[PDB]
Amino acid sequence: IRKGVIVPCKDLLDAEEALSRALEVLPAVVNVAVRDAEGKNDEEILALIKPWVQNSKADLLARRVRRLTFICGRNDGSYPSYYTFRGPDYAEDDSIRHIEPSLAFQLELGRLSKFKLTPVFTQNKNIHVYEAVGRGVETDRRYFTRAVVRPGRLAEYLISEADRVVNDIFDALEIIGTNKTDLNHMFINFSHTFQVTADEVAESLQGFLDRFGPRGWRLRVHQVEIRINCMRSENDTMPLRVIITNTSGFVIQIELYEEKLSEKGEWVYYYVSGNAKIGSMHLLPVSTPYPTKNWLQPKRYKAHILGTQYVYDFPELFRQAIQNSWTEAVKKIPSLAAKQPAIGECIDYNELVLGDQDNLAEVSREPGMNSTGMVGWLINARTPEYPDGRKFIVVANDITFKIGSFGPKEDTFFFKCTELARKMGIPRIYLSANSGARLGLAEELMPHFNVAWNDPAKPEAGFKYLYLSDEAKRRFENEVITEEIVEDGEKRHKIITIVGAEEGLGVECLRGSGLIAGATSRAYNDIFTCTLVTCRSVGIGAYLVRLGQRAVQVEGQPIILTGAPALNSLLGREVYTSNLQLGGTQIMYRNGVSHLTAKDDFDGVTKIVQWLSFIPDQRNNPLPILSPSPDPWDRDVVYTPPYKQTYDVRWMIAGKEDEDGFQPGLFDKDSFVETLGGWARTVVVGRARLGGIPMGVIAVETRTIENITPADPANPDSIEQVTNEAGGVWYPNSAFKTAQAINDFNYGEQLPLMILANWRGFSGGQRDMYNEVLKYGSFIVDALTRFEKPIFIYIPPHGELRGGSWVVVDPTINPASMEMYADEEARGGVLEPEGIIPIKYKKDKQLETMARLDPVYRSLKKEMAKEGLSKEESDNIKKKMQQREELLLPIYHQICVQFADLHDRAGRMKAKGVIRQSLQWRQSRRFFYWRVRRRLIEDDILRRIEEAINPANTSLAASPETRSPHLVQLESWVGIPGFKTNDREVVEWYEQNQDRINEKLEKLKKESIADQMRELXXXXXXXXXXXX
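Per our numbering, residue 1 is the first one in the sequence shown, and the count goes up by one each step.
Written out as structure tokens, the structure is:
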């Protein structure tokens, strides 16, 4: 136990004899008092106590006594002076002076850890001022004041006491001077258990701070901390710590906290303040080290040498991406820019940190100070699409915090974030910069474990096992699983399994990794999911990129699974030279793991805030539609594709740039955003807007694209393979791209789909067949049946939809949400007109029609039929016809081709009812604007009808005009004659009679509630339920 020593000497010289002889009662802490209040000795009293300690440097050391105090009682009421020597050599800590060690704890100081401290002279022994300069950067220079109060009087005592103590601090800061100080702080600790409560003390707080405030502003004082107690709650204390900061020339910052244990073993800052909970510092330890200026700079640099922004710099990257989002929209849409919220107030974020019962809590604290290798925020961004506000979650790893590795704490956090984004419906964005899961060994068992050899003299003769000494075995026991086996007559505890105290070494990390891997897989299908490769995303991190589906890769950041050197070691030779040689953009964007490639960390954010513009703010919320604004809805589609040559299909979607002017596409000018344009370029996937209505687009590339698969370095006998993916055909990769895109616009994104169908089938070739073309063909069908929002399959001019292709895109796949249209000059059959001709219109069938239309051939036929001509005569008719038919054959072939093409024509399609309407490409925009809008408002009204009615397809005939059995009831409530058609008239009706539908829904809701009540021996049960 720490033995207490107290000795009251009479003199300074005679005090030495009560040291060397008083230490003899020690087989700890020692105090020495004096009776010479003659002079207020300083420095010379320090040169009068140092000779007694440097001489007995081994005397105090041997007894193992830690602290040595020197109290000096003054006869005028003066607070006695105390001097303490601590440690091995007892160097005398200048920090604890003129105050008892018990008071040290009360003085704090463990909060000025990130500072070089040098104290200064104080006229009042109670107050202590310190010069503080940031350990790293010298630009920071501050004066911290530390005062502790304890009474001498046997109600409004404390408020009058406060005036005396703060005036004393102000008068001392005056003599030391304001000098050159960036910030100044003062702490006033109260030892008192006063019976009163902070609510009245806050009213009185306001009173004296406005008087002292002006003076405090001059000294350059930024904040003051008062630490009082309130015994009336039980009559158990409520320690109320209060911080008052002078931010903006006027205080207006009174943060009223409460000292409570977080359950985790730390005392935290739980505030019940009056600055409207949107302030600083909440559920933070009392041990926070008052950070310096530029304290973020070392961490910033560490992230920047890895080529990534420091994690806490990302919220401001998002503010500027939104800032840019308005500056560009005010250009395109002038006037309607009045809702711009300035440079600040763009976004309104709040940190997320694991709560008391591990339930995420919204905190607004200092950047940095992250307890775990992961951080999150709930951001309310005022986008021009949702100018009132829109929320989303942003999760990211701290690449400085243990190279950003995934430990169990990091996992539980990431999870509880995904869990929240789901619970709110708001999208989730992950900023990846990690090092997979955490590795680790038990460090404590490294300098303690023993080895049992076969031969102790020559250890190279193999070792039997590894054991632990009995004294070192009792030290752990729960950190190691040991078996006892006596060898050489020793109690040897052989290590049979190592556990280790510390977490995050092995399997505990894999378990958590698996949890979040599944959580991300689940989330993708519910809320909008997105990832960003801001830096190397390895192992589990690499998978959350794929489970997160929608990924953006910064050019020089790899999505690696197994380390580039780890692979070289496995092969035994230096095959791979870079982590990007197998993880980089040239792999992931070129195989479709990456949807977009961004030049830098900000370019990434920018591109993300771009997808979020297309996506509804919540889960089941209406799309971010705007006024027609740049490209009006009432404009005709100018670019029309040629029938001769090939065309960049992109020109049909947004528009073609030309020498003379610009011919627009069917979507809004430059609203198209192509994704996965590095993988299976035979299909163009992207998002675009149609008169303000955002929607998903899939189109077919007509030009013969060539993907060149790279050479494998692992096999020196591997060369790059030149493969030409001929345009307008479906290949394993193209099919996969299509299918993926569909599910991506389906889950979370919730977008209507536009499919400019132009494929002439599937790749039936041996190589493509073996490459599972059939597997990925199915994936399109599977994906289409899962969809909910409207899908429009529109065959464009020149566009084809032959056999294999048509089957996997037909509206009877999902009749409830699909709608098929075909262009007036489009074609669609079972086979190409060049392909049917050698099956239904063979050589013999063409000659029967030749001996019908051609006059020469049927006249020569009349010669053979009449007979009466010899062997040399019949040869003439044969050599006359088999010359005529030889020259007619090429044009007669083309006749059947045109004949067969008249079957494949659009008209036939409407006649057999496989399409709704024939469409003129010129006015496609004008038609789809009102058909997309009509379907979107109607789909929801029907969804609402069903939700009111039931609180819980069948034929080739199924056409969208009957997609729901309620479209008959809604038809009669509306009253429009041309209901199935006149899309514009319908939309405008709903908009006007918004109140009449909600009138009819409530009528139906009360009617459906009456059915459920009635559906609920049975009579006896009901009687009993009535009695209850």
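Think of the CB as a built atom: it goes at the ideal place given N, C-alpha and C, for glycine as much as any other residue.
Query raised in the report: Do the stretch 949-967 and the stretch 802-822 meet, that is, are 3 or more Cβ pairs less than 8 Å apart?
Result: yes
Query raised in the report: Which residues mark the beginning and the end of the alpha helix (DSSP H) in which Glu-259 is found?
Result: Segment 259-261 is the beta strand (DSSP E) holding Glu-259; no alpha helix (DSSP H) there.
**Report entry** Close-in-space but distant-in-sequence residues of the same chain around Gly-583 (CB under 6 Å, 5 per side omitted)
**Finding:** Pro-558, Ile-559 and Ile-560
Query raised in the report: Taking the alpha-carbon positions, what's the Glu-885 to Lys-845 distance?
Result: 13 Å
Query raised in the report: Applying the criterion that 16 or more other CB atoms from any shown protein chain within 10 Å of the CB defines a buried residue, is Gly-604 buried or exposed?
Result: buried
Query - Runs of beta strand (DSSP E) lying entirely within the stretch 591-629, each at least 3 residues, in chain order - result: 596-598
Query raised in the report: What does DSSP give as the partner residues of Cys-530 in its beta bridges?
Result: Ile-429
Query raised in the report: Excluding sequence positions up to five away, which residues of its chain have a Cβ less than 8 Å from the Cβ of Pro-628?
Result: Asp-634, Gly-691 and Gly-692
Requested in this report: Starting from the C-beta of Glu-834, find all residues in its chain whose C-beta is less than 7 Å away, skip the five residues before and the five after it, and write them out in chain order.
Outcome: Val-897
**Report entry** Among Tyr-301, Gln-297 and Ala-680, the one whose alpha carbon lies nearest that of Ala-726
**Finding:** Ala-680
Requested in this report: Return the chain-ordered list of same chain residues with a C-beta closer than 7 Å to the C-beta of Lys-599, the five sequence neighbours on each side being excluded.
Outcome: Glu-555
**Report entry** Three-state secondary structure assigned by DSSP to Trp-52
**Finding:** helix
Report task. Tell me whether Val-480 is buried or exposed, calling it buried when 16 or more other Cβ atoms sit within 10 Å of its Cβ. Result -> buried
Query raised in the report: Can you name, in chain order, every residue of its own chain whose Cβ lies under 6 Å from the Cβ of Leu-183, other than the five neighbours on each side?
Result: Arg-142 and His-222
**Report entry** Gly-907 classed as buried or exposed, judged by whether at least 16 other C-beta atoms fall within 10 angstroms
**Finding:** exposed
Requested in this report: Return the chain-ordered list of same chain residues with a C-beta closer than 8 Å to the C-beta of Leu-256, the five sequence neighbours on each side being excluded.
Outcome: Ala-198, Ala-202, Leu-240, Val-242, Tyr-271, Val-272, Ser-273 and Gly-274
Query - Presumed contact (8 Å Cβ cut-off) between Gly-136 and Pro-298, rounded CB distance - result: 6 Å
**Report entry** Whole-number beta carbon distance between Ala-28 and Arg-64, since they are thought to touch under 8 Å
**Finding:** 6 Å
**Report entry** Through-space distance from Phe-170 to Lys-402, alpha-carbon basis
**Finding:** 44 Å
**Report entry** Beta-carbon proximity list for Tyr-430, same chain, < 6 Å, skipping 5 on both sides
**Finding:** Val-395, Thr-531 and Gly-548
Requested in this report: Take every Cβ of the stretch 509-527, pair it with every Cβ of the stretch 421-435, and state whether three or more of those distances are shorter than 8 Å.
Outcome: yes
Query raised in the report: Does DSSP classify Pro-8 as helix, strand or coil?
Result: strand
Requested in this report: Kindly indicate which three-state DSSP category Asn-733 falls into: helix, strand or coil?
Outcome: helix
Requested in this report: Would you list the one or two residues that DSSP bridges to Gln-920?
Outcome: In DSSP, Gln-920 forms no bridge with anything.
Query - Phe-745 versus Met-820: straight-line alpha-carbon distance, rounded - result: 18 Å
**Report entry** Spatial distance of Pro-951 from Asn-621 (CA atoms)
**Finding:** 20 Å
Report task. Go ahead and label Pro-624 buried or exposed: buried means 16 or more other beta carbons lie within 10 angstroms of its beta carbon, across all protein chains shown. Result -> buried
Requested in this report: Out of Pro-285, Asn-294, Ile-71 and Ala-276, point me to the one whose CA is closest to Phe-115's CA.
Outcome: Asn-294
Query raised in the report: Touch check for the stretch 722-736 and the stretch 665-673: three-plus C-beta pairs under 8 Å?
Result: no
**Report entry** Cutoff 7 Å; reference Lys-409; Cβ partners in own chain excluding five residues on either side
**Finding:** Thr-372
Query - First through last residue of the alpha helix (DSSP H) which encompasses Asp-823 - result: Segment 818-823 is the beta strand (DSSP E) holding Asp-823; no alpha helix (DSSP H) there.
Query raised in the report: Which partner residues does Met-864 have in the DSSP bridge list?
Result: None, per the DSSP bridge assignment.
Query raised in the report: Can you tell me the Cα-Cα spacing of residue 1031 and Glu-225, whole angstroms?
Result: A query on residue 1031 cannot be resolved here, the shown segment of the chain reaching from 1 to 1028 and no further.
Report task. Kindly indicate which three-state DSSP category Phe-105 falls into: helix, strand or coil? Result -> helix
Report task. Taking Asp-782 as the reference, give the member of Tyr-770, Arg-827 and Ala-735 with the closest Cα. Result -> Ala-735
Query - Top-ranked residue by Cα proximity to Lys-260, from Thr-245, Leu-284, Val-552 and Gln-253 - result: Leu-284
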